[PDB]
Each structure stands twice: as C-alpha cells, then as structure tokens.
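A.B. asks:
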Amino acid sequence: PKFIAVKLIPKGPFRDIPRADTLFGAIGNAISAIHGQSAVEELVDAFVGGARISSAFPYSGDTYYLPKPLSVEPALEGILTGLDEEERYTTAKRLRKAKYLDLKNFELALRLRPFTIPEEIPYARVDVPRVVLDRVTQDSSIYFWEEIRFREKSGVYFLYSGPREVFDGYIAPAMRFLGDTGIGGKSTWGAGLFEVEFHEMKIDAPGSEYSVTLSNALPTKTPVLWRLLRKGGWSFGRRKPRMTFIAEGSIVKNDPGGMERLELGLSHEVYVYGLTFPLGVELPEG
Amino acid sequence: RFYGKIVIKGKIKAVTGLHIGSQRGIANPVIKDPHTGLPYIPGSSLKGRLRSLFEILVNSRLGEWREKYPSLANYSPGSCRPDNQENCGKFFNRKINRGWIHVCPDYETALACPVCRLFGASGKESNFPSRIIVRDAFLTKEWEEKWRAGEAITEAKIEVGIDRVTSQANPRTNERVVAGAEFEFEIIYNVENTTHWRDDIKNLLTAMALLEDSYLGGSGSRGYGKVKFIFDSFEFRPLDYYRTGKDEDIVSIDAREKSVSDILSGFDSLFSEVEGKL
Amino acid sequence: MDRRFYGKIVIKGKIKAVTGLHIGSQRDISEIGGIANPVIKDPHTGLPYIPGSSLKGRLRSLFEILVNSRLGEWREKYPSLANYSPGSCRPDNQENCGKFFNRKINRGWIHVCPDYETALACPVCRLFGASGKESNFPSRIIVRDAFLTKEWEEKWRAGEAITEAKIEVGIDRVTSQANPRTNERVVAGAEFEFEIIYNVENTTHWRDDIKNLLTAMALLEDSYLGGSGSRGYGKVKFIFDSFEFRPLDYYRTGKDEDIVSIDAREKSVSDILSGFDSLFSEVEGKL
Amino acid sequence: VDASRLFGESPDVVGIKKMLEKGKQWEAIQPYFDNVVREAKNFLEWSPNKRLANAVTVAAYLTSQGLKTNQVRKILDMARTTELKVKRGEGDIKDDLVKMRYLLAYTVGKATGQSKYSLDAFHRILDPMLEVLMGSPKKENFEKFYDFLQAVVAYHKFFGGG
RNA sequence: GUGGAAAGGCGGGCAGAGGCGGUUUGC
RNA sequence: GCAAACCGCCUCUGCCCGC
Ligand SMILES: [Zn+2]
Ligand SMILES: [Zn+2]
Numbered sequence: 002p003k004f005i006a007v008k009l010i011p012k013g014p015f016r017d018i019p020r021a022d023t024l025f026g027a028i029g030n031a032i033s034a035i036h037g038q039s040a041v042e043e044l045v046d047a048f049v050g051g052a053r054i055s056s057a058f059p060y061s062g063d064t065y066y067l068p069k070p071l072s073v074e075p076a077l078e079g080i081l082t083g084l085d086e087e088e089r090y091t092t093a094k095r096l097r098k099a100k101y102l103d104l105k106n107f108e109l110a111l112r113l114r115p116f117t118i119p120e121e122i123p124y125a126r127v128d129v130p131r132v133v134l135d136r137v138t139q140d141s142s143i144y145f146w147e148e149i150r151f152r153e154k155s156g157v158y159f160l161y162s163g164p165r166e167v168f169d170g171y172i173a174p175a176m177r178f179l180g181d182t183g184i185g186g187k188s189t190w191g192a193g194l195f196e197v198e199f200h201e202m203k204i205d206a207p208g209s210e211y212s213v214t215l216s217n218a219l220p221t222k223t224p225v226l227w228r229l230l231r232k233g234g235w236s237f238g239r240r241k242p243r244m245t246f247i248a249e250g251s252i253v254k255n256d257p258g259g260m261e262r263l264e265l266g267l268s269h270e271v272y273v274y275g276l277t278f279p280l281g282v283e284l285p286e287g
Numbered sequence: 004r005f006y007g008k009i010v011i012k013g014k015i016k017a018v019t020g021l022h023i024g025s026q027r034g035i036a037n038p039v040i041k042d043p044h045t046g047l048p049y050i051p052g053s054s055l056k057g058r059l060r061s062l063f064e065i066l067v068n069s070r071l072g073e074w075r076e077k078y079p080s081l082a083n084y085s086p087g088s089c090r091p092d093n094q095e096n097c098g099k100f101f102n103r104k105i106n107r108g109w110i111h112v113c114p115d116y117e118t119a120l121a122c123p124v125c126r127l128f129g130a131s132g133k134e135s136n137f138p139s140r141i142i143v144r145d146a147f148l149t150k151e152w153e154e155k156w157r158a159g160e161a162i163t164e165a166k167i168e169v170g171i172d173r174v175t176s177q178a179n180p181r182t183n184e185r186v187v188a189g190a191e192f193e194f195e196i197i198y199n200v201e202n203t204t205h206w207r208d209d210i211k212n213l214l215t216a217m218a219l220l221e222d223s224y225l226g227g228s229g230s231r232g233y234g235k236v237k238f239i240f241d242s243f244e245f246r247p248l249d250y251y252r253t254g255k256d257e258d259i260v261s262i263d264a265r266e267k268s269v270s271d272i273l274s275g276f277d278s279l280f281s282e283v284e285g286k287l
Numbered sequence: 001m002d003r004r005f006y007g008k009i010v011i012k013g014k015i016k017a018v019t020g021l022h023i024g025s026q027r028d029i030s031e032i033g034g035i036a037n038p039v040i041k042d043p044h045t046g047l048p049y050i051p052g053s054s055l056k057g058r059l060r061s062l063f064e065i066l067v068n069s070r071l072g073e074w075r076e077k078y079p080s081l082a083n084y085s086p087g088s089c090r091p092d093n094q095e096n097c098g099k100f101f102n103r104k105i106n107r108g109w110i111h112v113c114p115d116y117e118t119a120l121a122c123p124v125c126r127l128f129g130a131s132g133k134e135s136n137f138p139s140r141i142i143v144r145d146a147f148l149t150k151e152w153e154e155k156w157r158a159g160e161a162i163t164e165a166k167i168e169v170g171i172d173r174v175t176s177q178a179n180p181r182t183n184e185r186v187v188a189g190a191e192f193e194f195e196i197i198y199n200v201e202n203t204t205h206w207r208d209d210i211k212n213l214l215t216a217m218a219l220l221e222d223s224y225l226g227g228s229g230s231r232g233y234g235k236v237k238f239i240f241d242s243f244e245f246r247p248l249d250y251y252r253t254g255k256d257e258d259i260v261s262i263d264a265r266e267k268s269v270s271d272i273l274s275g276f277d278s279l280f281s282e283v284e285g286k287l
Numbered sequence: 023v024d025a026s027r028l029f030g031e032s033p034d035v036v037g038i039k040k041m042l043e045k046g047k048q049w050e051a052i053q054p055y056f057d058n059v060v061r062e063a064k065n066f067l068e069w070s071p072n073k074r075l076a077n078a079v080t081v082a083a084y085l086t087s088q089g090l091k092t093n094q095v096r097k098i099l100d101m102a103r104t105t106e107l108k109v110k111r112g113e114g115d116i117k118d119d120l121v122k123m124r125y126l127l128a129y130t131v132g133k134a135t136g137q138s139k140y141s142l143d144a145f146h147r148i149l150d151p152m153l154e155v156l157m158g159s160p161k162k163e164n165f166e167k168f169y170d171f172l173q174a175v176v177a178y179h180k181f182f183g184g185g
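Protein chains in written order, with the entry's author numbering: chain E, 2 to 287; chain C, 4 to 27, 34 to 287; chain D, 1 to 287; chain B, 23 to 43, 45 to 185.
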C-alpha cells in the first residue's frame, strides 16, 4: 500500500531502536502534554478503530530497512535450488541469521524469490563508561552504560497507515514534542532526541490470506510462524508486567491484534500497544 | 503540566587542552565517536560537572537559603561519609557505590531543593525527573573541515614524575584535545511550572559561570580544562508551537555575550517577551 | 567531610624568561626536519607555551623540599607533620612510614599524604592536593597553561625569532674531543601570560595557603624553571598584573563585585613582604 | 645491477640501503634518475608513488655524498614556517620563497670544500621546483612540494646520513 | 500515557639529571 | 698565499594507585 514513513534523524546516541510498544507510550505521553487526557482516550479509540503505527527500523541514506519475514526459513532450500551445494550451504546460513532487509529485497522475500542480505548494519552497540564522583573527595565508582550510535547519514524510522486527519491531529504534533524530549533511555544526557521528517513509502506486497507483522503482535489467536518477544516497560515509575509479544516479521493469519489496558495503581488507565501492522505474505505448506 | 521548552544553543571553546578519558595508539585516550573517530564532550560529563559545582555552591549556602528553597532545612553542611548511614542529617546524603551525592529522597522534597528540581532525583517511591537535557557537544563544522584538511585534532602530551631527591624521571602520556577547538552545545530546559523557572535558569547560568573558572574533566589542576561558553541564541518554543506547528517561537538574540553579560547584564532585557507570555 | 565554597582567589600576570627557557617535548609527530630537543608547542597556533603541569609540579617540588628542611618548626603550627621525619623511603622500599617522601610514583618518591584528614592538616597537600585509597583529597589550586602574551603573538607575525638554537658542546677532559648537540630554546626576554586560581574552601586557613603559594613563587625566582637550569636555562621572573577575589555573590549575580587587589608594580617578594595585610584587607572585609 | 635495483616505484628500499653502506654503480644509475628528476620540471608531475620514487633516488644519490642536515636546517625550518602560514595565516609565500631561494643560494655560496657536490646536487633538484612555485598557488602545488621535500630528508636518515 | 528515574572516567604526578662549539696539524 | 680536517648526539626513566 502507501504508508507515511516518519523518519527520526538522530542528534546523539539512543538507548535502543524503539519498538511499537515504546513508541505508542511515548506518543501517548506527548499528546497528554500538549492536548490532555481527553485526547489520549481519543487517540486510543483511533488506533482500535482505524490504522496503527509500526515498530522503528534503521535506514542508511535512502536505504529504508525492513525486517526479514519468518516466511523464508521453511522455504529457504527451495529459494536456493539453482545454486551449487558447497556455496549454497553457507549462503543459506547467513540468510537465516540476517535480521533486516532492504526496501527492495523485502518485496522479494514476500514472494519467495531469491534475495540478498545487506552488508552493513547502520549502527553500533558501544559501551561508554560513566563514573560517579564523590562530592568531597572526588572518589570514582565506574559503572558501564550501553548505547546505539548511528552513522553519518543513518537514522531510524517507523511507518503509519491510517486516516490523515488522525495523523496531522495526533501523530504529527506528538512527534515534534518528542524531538525535544526522548524516546526512552537517559533523555537528560541527550539520548532520545532527533529531528523529524515526513516522506512517503510504497511497498509492493502480494494479496494473500496470511500477513507479516511489522510491529509487536500480542495476538488473539495462535499465529502461524512466530518469534517470541518478552518485555514490559515502565510507566510513571510503575513497573509494567512482562507480556509475551511477538517480534516483527512474524506471520499471522487474519489477526487484528489488540491493546491490553493495565491498572498499575495510577490515576489513569495504561494501554499497552499490541496492534499488528499487516503486510501480505506468501507461505509454503506450513 | 507542559508549557514550553526554553532552548539554549551556543558553543564550547576549549581554550586549553580538554581531556575526557575512556581508559581502553595513545596510552590515555580521550573518548571518540566510533564512526568518525572525532572526539566529543558528552552530555553526561557536562551535566555532572554543572551539578558538582552547583552542589558545593548550595552546600555553602544552606543556612542563607532556608526560606527561598525549603527542604534545605533538613540538611547540615557536610558529608555522610564517616557514619555510613544514608539520608542522614548531612547534605551529601546518598551513597551510590563509594561516592556521596546530594539526591533528595522524595518527590515532595525535590520540588523544593534547588539542585534536584533542576537536575533530578531518584528516591524510593519518588522518581523526580530532571528539567534539563544536556546534549553531547560535537566539533563545529569549521573544525570537522580541519579534520578533512589533514590536521591533527587531538595532540598527545607527555608529563613526567620526578623524585624530590635524586631526580629520577618517570614519564607517561595523556592524549588531549588540541587547544582552541569549538564545540556545539545544547541545553533544553523543560518548563513544567510557570512560577519557578527564572530561579532554574539563573541557577543553570551560575553553574556555567563556575565552570568558566573551574575546569571540564581531565587533569584540570595541571591546566587541562579552561572552557568558555559562547552563547548564540535562546529560544522559547511555546505550547502553541507544538499543537499547530506554525513558527512563532520567541528568540533571544545574543551573538557575542558572555556567561556574565547574560546572567544580569541583559536578564531583565533578553527574557522580556518570555516573562510576558509566561 | 564538609567541603564548602566561598570564592576563587585568582592570580594573573606574566612570566618573564630573563634567561632563555626550554620546556622540552618529544618529536616524531609527523615532523621531519627540525632542531633536536624541541620546545613544546601549541599545535594549533604553532607557538611555544608553558604547561600548567610543568609549573604546578615545579612549585610543588620546591615547596616540599622547603618543608623537609623544617619538620620541627612547622609542626607547632600544622598538625600531622609529626607523623613524618626528614628523609626518603629510598633506603627502605616501603610506601607509608615515617619518611617525608612517601609515594613511589613509578620510581620517584614524592610527598603525598595518604588520607583526607592527614592531608587536611598538611601545608603541602592542602595547597597542591593528594591521592589516596578511600580519601583522595583534591587540590585547591589550578594552574593553567601559559601561552605567549598578545604582544609576542605580534612579534611572531613581524618575523622576529620567538625561538633560537643554542649549541652546547661536551668535551672529554683527557682527549679534548667535542660531542656537539643543538638545543632549541625560547628567546630570552619572552613573556608568557599565566593563571593560578586558588579555591577558597576554609576561611580559617586561607592566609597560609596564599603565604605558602607566594613562598614557592619566591623560591622559583631563586631557582630555575624547566630546562637545564644549572647551565643557565632557567631564571623565571613573575610579573603580577592583579590579584582578584571573585566572591560567591559574583557567580550568582554577574555584577563586578570582585575585590581587586593591585600589585601592578610590585614583586613576588614584595607581596609576601610587609603589605600582605595592607593588600588583602578588603578580602577580610568580605570573607 | 644498480639500475635494475633502482626500479620504477619502490625498487629496493631494503636493497639500496645495503649497497649505499657503491661508488661506480651509483655514480651513473642515480645520475640518470637525478636527470629524470630535473627533466620532471613541473612539481605536479607525480600524483602517484613517483614523488616517493624520485625522493628515494634523490636521497640515495645524496647519501653517497655527505649532505649534513645541519647545513640545510635554515632551509628546512623555513619550509616548516611557510607551511604553518598556509593554515589560514597567509597565502602568499612569494615574498618569502625568494628568501628561501636566497637561503638555498647562500648555503651553496658557503658550502666549500669536499662538501661541494653534496650541495651541488641538492642545488640541482629543488630549484626547478622553486621555479614552478614562484607562479603557483600555495595551498595546492605547494602541498606536493613540501611532501616531496620531507621524503628526501626522511629517507636520508634511513640510508644513514645526517 | 516511554526497560524507566538519579549518576563528571578522575584524584595525585617538573620531560627531567650530566655536558666550555671545541681541539689538532698542515697544503 | 689561507685554512682543511672530525664531532654532530651520548646514557639512564616511561602509568601508577583507587571503585
Ligand atoms: Zn535536592
Ligand atoms: Zn602532605
């Protein structure tokens, strides 16, 4: 279809690539600041009623990366029939360890075509050491801290399908609030800050009965081929319970997803994002 | 509640070699961006040095500030280091691993302390988030081009240790940034309350004014700091900016002003529209 | 325990190299043809300078030896010097004992007190600071790097020699055979703008920490700085511009409320001289 | 033998240092490469390793003579200061290249005795490049000069002079 | 309605000790 | 009548302690 690719040009390190549960909570806190409580309940009713956002994925200078579908591995020897077996084996193994794909190679793996993995990941996971200095005696106490450090042109982006009146009413004023506060991590050390641009992405996808999830799933029914993701965040200092999501690129069949509202002892109810972002996919026999 | 974000842009001038180590081919390397290889000043080495200077400033003025800032009445000047008991009567009340920091223990007290209202507090059942965001200062476009022109951006300096009797020399090397460099800093204050933000800006400029006469990181007492704040612009970014997106923020103009020609030289003048729109 | 802050006594001025100064570096930094044994240089401007490390350590070197001369005469005025006896830990390779030079840095013994409150009563380690396990007392002076003054910047533009090359030859006495080498040195008469910032922490003892910093300055104009000073190359002379005080109300207001002492025509032995109390009497009126 | 050792780009850095530690073989084959350096009158004649190829052939022929570096330091430090001016300080070395030509001319006007040939061959090489540098830019085409003049002195220490 | 909130990689350490730009004799 | 020879560096040190 036609999606609105919201790009996040970084201005420092991150803490992690944002997922969809920790983008929607950040969009929730951004709307309550500039609009209030009655619009956050309207935001949640817009996602359930209409289109929903996806997880964040890297890019590197007009090479929008997307997750590798899990639809390829039970086909991954039929994908590579026309190869000689001494190089076909190590191609098949590096094809499976791969996490992301290009915007073009994603459209091949949706059709069970031969595809190639990218050569380079647009970021690194460095471990910057900090220190805690005593105020009188200047005594040091090293702890370690890890980050995500992007390259010269690289960044991160997510996708939005939905009505345009919900986008420029809610998603677009929230992403400029979040350009000056963080997306997770030590935002007081300048981590989750960025500059936002809006573009247009178009993905060619085959119409089918199945679909891949470009965000966290929290499924209703049991999916087809999946990969478990287990995380629960924090909400105003309250520790969220861990929830079995499904990682991105996993395969569902006619599943809308669904958010779980939580209590956590706060004044307001906390919604946790688990709507899926379906793109059509072709499967083998299971 | 959110009202706007006072944004502070400018430059950091390393008048003397600045060293912020990493301890990982020079024997003591300054930290570097892993993709470019360029040095930078973190946002966390800048913030903990703005805070360590300001906490000793409050430590001397506990008695004189009992009635402008409450919850400085629960602190005695000094550390809790000898009697190993946290949140005691003395000021530097929280032990982290082996160091003692003033961190207020509750939300109800950190809204009154001048350090923790501006810089944040951890607490138990508290979690007071800070109001400033200190970004990582990177080299200015003029100094990334000197990296393109083949210059050296980080020298390597050799010291020595000499016996007081027999003059046995014992040297070591310390990489440090070439003096004269220009960084680009960014501090984004978060206007939560509309009443006490003048006291939070005037305390942040006091922490910077103490930083221009102390050092930034490194050896410092042997002359490795000597930093200088060169402000460019202050912007307000109102609440009406974030909803409708139209560009009507309030921008102060200070191209060449100091940290002391800005604190009271123009404080009634430069923030004239910001104090009017609130 | 109890670190406070009242202000920063700032000591500016100029350093006159009456005889030519040589603070050596090492070479090999993408440099090919040059004088052997070069003076260190600012890599951005190209000019020589004096490190704060070379000046804070040289003032520490002369003052620690001044205190080792009198360990029975300062101990009536400072505690914790009774822990130390005159000597070194060179005849017995043990770090902390009764000898006054106690830290083996790598091979050289330097008086650094091992604790906070031992160093809080030491006349050396409260002015220059100390390292330790669990105490780590930090310093109260910071000495910055001294570049050429603004008029000697302009003499470099005019083409005047800011350095020179002195050739010294060592002669074997029996065969009278020369073994020549060339030493770069800053030209005599050059002038460097320096900076010493004392950090006023305890208002009970700050007279002494200025009377001990001005003692080590007067010992340095009698001794030499850098170089091979037993063969000429030292002879530093301190030319003060202005003591200033910078009270705590300066950093909060921004008004010029500093108490500015004037010794624009005085000498380092004349500030310690009768008049110390005539010049710092308005600092005591502010505290 | 010496001409086959003295090949195109880096024919024998390890080999010529052993032969220069000789008389009749290097008085001819390096003379052709000294004439090859003078026939490359343009300083920008070598974007490749040929600046690194000429300077090995130069500093092997000069190491056969004396070439005290101490005599040349007035020129060598002068080349250091003019490159220091290019860092946003000045852009015209023409007022001081003439001094650097004169200091090159004063040095051979002093160097008399057995060390004439150690400065005559040194006089032969830099001056056709200093002819080009008179009417040239100074950020470019002087960048290639000063890097050539470093490699002459640098291999001269490796071949065992100074 | 953000796997979050708080957290200076730094405290101390002279690039230093020794060293006549010299002597010899001829082409 | 004025020089031309040799010597152009030698030899000791090089990150500790503290989380
Ligand atoms: Zn507090
Ligand atoms: Zn001591």
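The beta carbon of each residue, even a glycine, is placed where N, CA and C say it ideally should be.
So who's on the other strand from residue 303(D), going by DSSP bridges?
C.D. replies: Not covered by the structure: residue 303(D). The range shown for chain D is 1 to 287.
A.B. asks: Looking at the secondary structure, which residues open and close the alpha helix (DSSP H) in which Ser268(D) lies?
C.D. replies: First-last of the alpha helix (DSSP H) with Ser268(D): 268–271.
A.B. asks: Quick one, which residues of the region 90–104 of chain B are near chain D if we go by CB-CB under 9 Å, in chain order?
C.D. replies: If the cut-off is 9 Å between Cβ atoms, the region 90–104 of chain B has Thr92, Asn93, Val95, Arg96, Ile98, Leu99, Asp100, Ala102, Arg103, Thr104 near chain D.
A.B. asks: Hey, could you find the ends of the alpha helix (DSSP H) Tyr55(B) is sitting in?
C.D. replies: Element bounds for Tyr55(B): 46–62.
A.B. asks: To the nearest angstrom, report how far apart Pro71(B) and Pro14(E) are at their CA atoms.
C.D. replies: Going from the Cα of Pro71(B) to the Cα of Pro14(E) covers about 40 Å.
A.B. asks: Do three or more CB pairs link the region 68–87 of chain D to the region 176–190 of chain C at distances below 8 Å?
C.D. replies: Touching, no, given that fewer than three Cβ pairs across the two stretches are closer than 8 Å.
A.B. asks: Would you call the region 5–12 of chain D and the region 81–97 of chain C in contact, with 3 or more CB pairs under 8 Å?
C.D. replies: No, because fewer than three Cβ pairs between the region 5–12 of chain D and the region 81–97 of chain C fall closer than 8 Å, the two stretches do not touch.
A.B. asks: Apply the 10 Å Cβ neighbour rule to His22(D) and answer buried if 16 or more other Cβ atoms are within range, or exposed otherwise.
C.D. replies: Answer is buried; the Cβ neighbour count reaches 16.
A.B. asks: With a cut-off of 5 Å, give the chain-ordered residues whose Cβ is closer than this to any heavy atom of ligand 1.
C.D. replies: Spelled out in chain order, the answer is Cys113(C), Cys122(C), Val124(C), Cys125(C).
A.B. asks: Determine the DSSP secondary structure at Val167(E), reduced to helix, strand or coil.
C.D. replies: Residue state, collapsed to three classes: helix.
A.B. asks: Across which residues does DSSP place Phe4(E) in a beta bridge pair?
C.D. replies: Paired residue(s): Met202(E).
A.B. asks: Could you give the residue range of the beta strand (DSSP E) that holds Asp128(E)?
C.D. replies: Counting along the chain, the beta strand (DSSP E) containing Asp128(E) begins and ends at 128–132.
A.B. asks: Sort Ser135(C), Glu168(C), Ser176(C), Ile210(C) by Cα distance to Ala36(C) and report the nearest one.
C.D. replies: The shortest C-alpha separation from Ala36(C) is found at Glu168(C).
A.B. asks: Looking at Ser155(E): is its Cβ nearer than 8 Å to the Cβ of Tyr60(E)?
C.D. replies: Against a cut-off of 8 Å, the Cβ pair of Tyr60(E) and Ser155(E) comes out as a contact.
A.B. asks: Shorter than 8 Å from the beta carbon of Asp128(E) to some beta carbon of chain C?
C.D. replies: Output row for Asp128(E): interface = no.
A.B. asks: Any C-beta of chain C within less than 8 Å: which residues of the region 107–134 of chain E qualify?
C.D. replies: Those would be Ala125, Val127, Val129, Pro130, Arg131, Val133, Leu134, in chain order.
A.B. asks: Strictly under 8 Å for the Cβ-Cβ distance: is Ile142(D) near chain C by that measure?
C.D. replies: Yes, its Cβ sits closer than 8 Å to a Cβ of chain C.
A.B. asks: Interface residues of chain D around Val176(B) at Cβ under 9 Å?
C.D. replies: Simply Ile32, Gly33.
A.B. asks: Would you say the region 261–269 of chain C touches the region 196–216 of chain D, given that touching needs at least three Cβ pairs under 8 Å?
C.D. replies: Output reads no: the region 196–216 of chain D does not touch the region 261–269 of chain C.
A.B. asks: What does the Cβ neighbour count give for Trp235(E), buried or exposed, with the cut at 16 atoms within 10 Å?
C.D. replies: By the 10 Å Cβ count, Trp235(E) comes out exposed.
A.B. asks: Just to confirm, is the Cβ distance from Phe165(B) to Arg74(B) under 8 Å?
C.D. replies: Not a contact, by the Cβ cut-off of 8 Å.
A.B. asks: Identify which residue in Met244(E), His200(E), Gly208(E) has its Cα closest to the Cα of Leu219(E).
C.D. replies: Nearest option by C-alpha distance: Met244(E).
A.B. asks: Between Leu102(E), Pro11(E), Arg136(E), which lies nearest to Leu62(C) when the distance is taken from Cα to Cα?
C.D. replies: Of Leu102(E), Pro11(E), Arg136(E), the residue nearest in Cα terms is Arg136(E).
A.B. asks: Residues of chain C with a CB under 8 Å from the CB of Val137(E): which are they?
C.D. replies: Within chain C, the residues near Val137(E) are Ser88, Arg90, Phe101, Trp109.
A.B. asks: For a test of the three-state rule: what should DSSP assign to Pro151(B), helix, strand or coil?
C.D. replies: Reduced to three states, the DSSP call for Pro151(B) is helix.
A.B. asks: Of all the residues that make up the region 32–61 of chain E, which are near chain C by a beta-carbon distance shorter than 8 Å?
C.D. replies: Those residues of the region 32–61 of chain E that come within reach of chain C (Cβ to Cβ, closer than 8 Å) are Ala34, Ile35, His36.
A.B. asks: For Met176(E) versus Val157(E), is the C-beta spacing smaller than 8 Å?
C.D. replies: Contact: no.
A.B. asks: Would you report the Cα separation of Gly238(E) and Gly132(D), rounded to the nearest angstrom?
C.D. replies: C-alpha separation (whole angstroms): 39 Å.
A.B. asks: Pairing CB atoms from the region 79–90 of chain E with CB atoms from the region 30–44 of chain E, are three or more of them under 8 Å?
C.D. replies: No, because fewer than three Cβ pairs between the region 79–90 of chain E and the region 30–44 of chain E fall closer than 8 Å, the two stretches do not touch.
A.B. asks: Note down, in chain order, every chain D residue with its Cβ under 9 Å from the Cβ of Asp85(E).
C.D. replies: The contacting residues do not exist; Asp85(E) stays about 50 Å from chain D at best.
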